[PDB]
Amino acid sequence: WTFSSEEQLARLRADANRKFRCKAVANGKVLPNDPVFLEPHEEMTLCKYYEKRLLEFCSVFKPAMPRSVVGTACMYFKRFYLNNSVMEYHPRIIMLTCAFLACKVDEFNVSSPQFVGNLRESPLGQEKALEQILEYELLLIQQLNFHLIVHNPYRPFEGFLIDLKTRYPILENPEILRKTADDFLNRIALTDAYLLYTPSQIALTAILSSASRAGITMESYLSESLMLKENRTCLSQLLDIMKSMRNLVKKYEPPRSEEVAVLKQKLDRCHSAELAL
């Protein structure tokens, strides 16, 4: 569950898209080239959109949801779709299933009625969503190969922040660093970076690249402090990895208002006709 390239994820996602196309066509009600089907690239936009809808949900989640939970939930959502089609299991539901499962896994103390209680729908509407999470729970757990422990960036982040503040007492005002570094971490979390690097490299990139966004530079930081090494890197590599992630977020295209509007409708029209009977 930590891959070697954007190409490797591209392939997996493509496979998932074909597998459904073939299943749908196999179950007769549609021709192989029917434009009802979403293209891998279209699935992606919808996933970007839902991952954002996922983030919003967690942000407003009244019983204040810890960042370990929101991070875990997003990792699930991503991994699910590396080999599953948006056309087969609706991401509106899978998204909410990832949040719930994540609360359970991370032992975040919240009951299901409390959880669905955070949805802007009538009491029965919310009960209905609770029902759908029961439907997809095992599916989600199975599609994750039963590997539910996900290591988030927030832990090594707090550690790097600690390292800096005691090592460079000048910046004893990290309250500014943290907020910036958090903003940047959120952007990385929206790319495939979580599936591509260690959470430490991810935490490190958020901090060094945010302090730097601020102007300040600790030219002796990596060398002096990080003579130590936990996640594979003779300094140089790390510098390239940071350049790599820093690039990923630079080239991240957010879902656009209207395309989503179209693709949602396609996705809805897809779940509408029995393609999966």
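In case it trips you up, residue 1 is the first one in the sequence shown, and so on.
Stretches 153-161 and 187-195 differ in mean CA B factor, with 153-161 having the higher one. Taking only CA atoms, the mean B-factor in the PDB entry is higher for 173-181 than for the other of 173-181 and 67-75. Residue-level inspection of the entry shows that, of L226, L46, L38, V60, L226 has the top Cα B-factor. In the deposited entry, the Cα temperature factor of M245 places it in the middle third of its chain's modelled residues. Ranked by Cα temperature factor within the chain, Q132 sits in the lowest third according to the deposited record. Residue-level temperature factors show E51 in the lowest third of its chain, judged at the C-alpha atom. Among all modelled residues in its chain, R13 ranks in the lowest third by Cα B-factor. Among all modelled residues in this chain, the alpha-carbon of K19 has a temperature factor (C-alpha) in the lowest third.
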